[PDB]
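What is reported rests on the model, the rules as stated and the sources as named; these are not laboratory values. All Cβ positions, even for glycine, are placed from backbone atoms using ideal geometry, and neighbour counts span all protein chains on display.
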Amino acid sequence: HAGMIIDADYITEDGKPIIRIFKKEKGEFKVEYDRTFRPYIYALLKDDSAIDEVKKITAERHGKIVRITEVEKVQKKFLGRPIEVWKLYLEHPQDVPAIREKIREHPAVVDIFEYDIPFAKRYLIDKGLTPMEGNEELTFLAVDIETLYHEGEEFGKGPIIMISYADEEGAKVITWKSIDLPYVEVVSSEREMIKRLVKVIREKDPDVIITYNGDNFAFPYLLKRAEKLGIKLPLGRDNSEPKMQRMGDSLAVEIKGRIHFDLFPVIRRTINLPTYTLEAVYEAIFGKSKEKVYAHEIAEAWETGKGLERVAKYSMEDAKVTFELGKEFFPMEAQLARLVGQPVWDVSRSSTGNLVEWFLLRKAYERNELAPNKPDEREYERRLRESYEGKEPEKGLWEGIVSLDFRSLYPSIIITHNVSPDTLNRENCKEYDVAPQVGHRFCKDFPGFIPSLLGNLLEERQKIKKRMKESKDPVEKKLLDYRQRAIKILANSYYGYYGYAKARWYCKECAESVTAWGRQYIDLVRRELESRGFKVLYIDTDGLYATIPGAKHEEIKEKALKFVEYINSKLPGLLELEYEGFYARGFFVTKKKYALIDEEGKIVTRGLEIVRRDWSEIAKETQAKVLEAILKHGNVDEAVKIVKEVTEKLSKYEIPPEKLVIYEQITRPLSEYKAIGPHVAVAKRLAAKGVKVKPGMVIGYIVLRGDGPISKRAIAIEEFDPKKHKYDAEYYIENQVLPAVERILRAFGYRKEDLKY
DNA sequence: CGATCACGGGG
DNA sequence: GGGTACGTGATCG
Ligand SMILES: [Mg+2]
Ligand SMILES: [Mg+2]
């Protein structure tokens, strides 16, 4: 029709699938239904006569037998070669996992294809439907909750004590205790507060619900408490409840007819932070501080009734900034959805590797190219163990560091050298390009599937950039700016995608060859930098860090900016080097393990910081102190003295026991564990005392002095008696503090043995 | 040793 | 739900 597609799914009616297309048409919510789309897979047979045995294969599901409804002989392309496969139709999507292995096992079946694409995604591709097209303006609502938590409680034990929401009308708090603030609505109970949230959402009818970690906290918690209280959450536009989907080891929540936009996975990919707390995230984007009110402060205020205004202000600000961040990060996710042709819900929760794959599956359909299969476990494992043919960084502390980015070099290399799995070492090829050093041959006789698509993306970006220069409308310009950035992101992900172990179009030789050709330009950049007095401190496939030893910082910045402008004038086509940034100081340990500090004093690290609950505070605190001594004080000698003093204090039992607590979650019933770690040993004793130990409960423990593995010497933090129990100083030194700092201090020539008296 | 198991965000 | 992360490091067995 005319509207913007925001999502798609399927429902089953009288055992048959119905596709639903969720649309927004000039401000109105619309649902279109399609009963005609049929599930299918492909089968390559040894011979056409075999179809008579294959079409008769059956399976079982929902107490009924599953059959192939129709078969169709089709002509397609596989690896740039014509192929004849049989399209096997099935009645219901759930018939595909039930029958696919019974077809694959058949002696007449060479292989099966396209048997794991979800029905709603299969529909959008086959029908040529693209989400988020048009100038349709969506409505947004941020949602958040505060709860009553005590250390180690089962998930959902304590009530929800506040629910906050925010949009352009302001930020509001719903609570069931008397708090006298203008934005606070006081209700009678937890039940009445949850029913008020339901009413707000049904009345405001937002297209987008913005949360911060709503997938794994706010919505699973609301669902747990609504279950306990025996109330429904009809938040879906079809009155359905929020739906929890197991996405990996964690969860993802969907709200039918809407976009549940969880900012946590989105921001985690976009920017680099040691910890992605809402307060750290808000400050990195808006340059303003946000106060954190910790779980224990919240519990204390609720139970004593004192200082509840502070907790209500915290709840309000949580919703307020969640709204602000949502508006900031949504436009780019909307353009990426449009580009890849899949809904924002899915696109915002996926890696760039999956964004590339979704883009390629759609283009394969458009081009009548059969998609290769995802690897089996053994192949995936064989791919992770593959070695690539074709430096370690400078030691010590460096000053005035410029960062240069190479990533925009690789799409142009893929295109000019026709680097694709369908062009690699092709038989009876008339002309080919040979990769330097690795010698892989890529046929020049026809454009490769992936170079062809990249060429079109880069051309489309150049058109957008030209239309941007010629536009007087700042609205169109803002939108076109997002569109051209989406292409840059997608195009710059192909190099990585070639080496991604889960990729359908995985190609080790393609990745290797792009690296080998890329290196010729990197070596040119390095020689040209050194001829200009620059010293290269660190270099990898993504970029480099350099300085002019002992030069004035403004001179380094000017010379680097002049260098980038010069080299890009020398580089042919769309090969581009970028000036990324400047740092006051920094040091480099190894590949993607380094730490820097900018001119505003913000520490920036990669592959070193250990901010996680399963590491003791003493190890995390010492590591922070070491990085601060090095980057803020330019003093490695102070850092070594900090480690030496901490280790002596641990040996003389001068460290508070509270800085020694280790936290680990129970993730299954205790009887299901194959290996009993210290937290499981502690948990089993707690359950033996009558504690209801459940998956989700976090176990706090201290390692005590003694013989054997740490499993037999861990004690529950609640059972620790400082007057009776002695902590293991050698464990906290050798397994906690020293591993936290040894990688960092290796960059300065220190070994683990030199960090003690 | 290989196998197993945990982390993040949120209260 | 025709795709159940992601990559990495500690500890058990
Ligand atoms: Mg969906
Ligand atoms: Mg909150």
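Tabulated data for the structure shown
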quantity	calculated
Residues of region A:245-284 that turn out to be buried (at least 16 other Cβ atoms within 10 Å of the Cβ) and away from DNA strand B (no atom under 14 Å from the Cβ), as a count	8
Residue satisfying condition, being under 30 Å from A:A683 (Cα atoms), over 27 Å from the mean Cα position of the chain (by Cα) and β-branched (V, I, T), within set A:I145, A:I112, A:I160	A:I160
Top-ranked residue in region A:33-57 [being hydroxyl-bearing (S, T, Y) and closer than 30 Å to A:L124 by Cβ; ranked as nearest to ligand 1 (Cβ to nearest atom)]	A:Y33
Check on A:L278, of a type in the set (A, V, I, L, M, F, W, C) and more than 16 Å from ligand 2 (Cβ to nearest atom)	no
Failed condition for A:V741, given (1) within 16 Å of DNA strand B (Cβ to nearest atom); (2) of a type outside the set (S, T, Y); (3) closer than 23 Å to A:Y653 by Cβ	(1)
Spans of strands (runs of 3 or more DSSP E) in region A:608-723 with at least 1 residues more than 31 Å from the chain's Cα centre (by Cα), outside the structural domain of A:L273 (by CATH) and closer than 24 Å to A:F155 by Cα	A:698-703, A:714-716
Whichever residue in region A:45-66 is surrounded by 13 or more Cβ atoms within 10 Å (Cβ to Cβ) and within 15 Å of DNA strand C (Cβ to nearest atom) and, among such residues, is farthest from A:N135 (Cα to Cα)	A:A59
Checklist (1) in a helix (DSSP H, G or I); (2) of a type outside the set (D, E, K, R); (3) touching a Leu at 6+ places or on another chain (Cβ under 9 Å); (4) crowded, with 20+ Cβ neighbours inside 10 Å applied to A:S315, failing item	(3)
Long-range neighbours under 7 Å by Cβ, at least six apart or interchain, first residue closer than 16 Å to A:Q462 by Cβ within region A:484-498, second part of a helix (DSSP H, G or I) and among the basic types (K, R)	A:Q484/A:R461; A:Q484/A:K465; A:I487/A:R461; A:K488/A:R461; A:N492/A:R407
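One line per residue, one yes/no per condition, for (1) assigned by CATH to the domain that holds A:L339; (2) away from ligand 2 (no atom under 16 Å from the Cβ); (3) farther than 30 Å from A:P669 by Cβ:
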residue	(1), (2), (3)
A:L88	no, yes, yes
A:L141	yes, no, yes
A:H150	yes, yes, no
A:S164	yes, no, yes
